[PDB]
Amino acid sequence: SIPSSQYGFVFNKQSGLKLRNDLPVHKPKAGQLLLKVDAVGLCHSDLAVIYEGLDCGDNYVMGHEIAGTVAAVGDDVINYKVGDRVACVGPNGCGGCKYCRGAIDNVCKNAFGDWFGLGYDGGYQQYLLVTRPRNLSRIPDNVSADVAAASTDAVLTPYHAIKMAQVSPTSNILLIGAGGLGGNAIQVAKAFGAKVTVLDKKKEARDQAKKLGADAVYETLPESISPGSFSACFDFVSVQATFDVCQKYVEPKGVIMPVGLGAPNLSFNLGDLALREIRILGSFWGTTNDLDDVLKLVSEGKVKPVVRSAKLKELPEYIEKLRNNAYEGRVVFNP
């Protein structure tokens, strides 16, 4: 019993994010599929689109952290049957260019501004039209639709980055910033078997880290901790200051991964980077395969993300709370 009208929050550069009860319910052209949204997360990114003026285009339902159930499938759709529970791979790669075909759909030039809920329609509605089903990840049975939604960015982003760094059980990494996403980072790192050293200014952030399995936690790296000794450094703050710490403490041939949004530019010392073959790798969100891995890990209990439910219509208020960083535990919404 699929309706033909539905409610949802659209975003318009003129009117901001406004609720609407007159939203269509597209039927699946063949190859496409209709997803009944079960849980959709909210993170800081969403706020940059609304307040901070991040241009992703105009007139789209929002929310990229999407989990839902297959409601209707166009003909020709054979990998998904109605009922199948799935998660949305944010970047919504095009699935046909050299980057997607090459295992990096997260950087697809063609899909720019066609990301779920950041160009294309998101999950802040009730029934989402999935133009390209390749960008879906089957949700393991033992995983709630809320937990999955939480993982689409909060866990996927860090997993992608740590995988990029090729962290192993012999790894000795440094994490700067255990608050933002950086919480799940710790669990993900540990799941790889690494020795994780966390660095944070805030006392809660540090306590959390301890409880989460961090091997060492510091306000400031001690003098006993020797320079150029970490195999990989993940800067979640990413400010000239923090990056400098990374380049100081990363070992030869190591990896510095600026995965924060704290400065528009960062500088590195050419002589040091060169002489010690330091590698600075940029990573962004995750691939469709990554999300597959992320759910296998959440399902396996190696990562447990922290989320609290809410009737979708309650969104507006949670956004004002988060706008003033009045909440810092992922919030998923049930439409």
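All residue numbers are counted from 1 along the displayed sequence.
Relative to one another, 148-156 and 205-213 have unequal mean CA B-factors, and 205-213 is the one with the higher figure. Looking at 177-185 and 82-90 together, the entry lists the larger mean B-factor for 177-185, computed on C-alpha atoms. Note on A274, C56, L291, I280: the highest value goes to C56, judged by CA B factor as recorded. Between the residues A165, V143, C108, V250, the entry's highest C-alpha temperature factor is the one at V143.
Among the modelled residues of its chain, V307 has a C-alpha B-factor that falls in the highest third, as given in the PDB entry.
Ranked by Cα temperature factor within the chain, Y218 sits in the highest third according to the deposited record. In this PDB entry, the Cα temperature factor of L270 sits in the bottom third of its chain's modelled residues, the lowest group.
In the deposited entry, the Cα temperature factor of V77 sits in the top third of values across the chain's modelled residues. Sorting the modelled residues of the chain by their CA temperature factor places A30 in the highest third.
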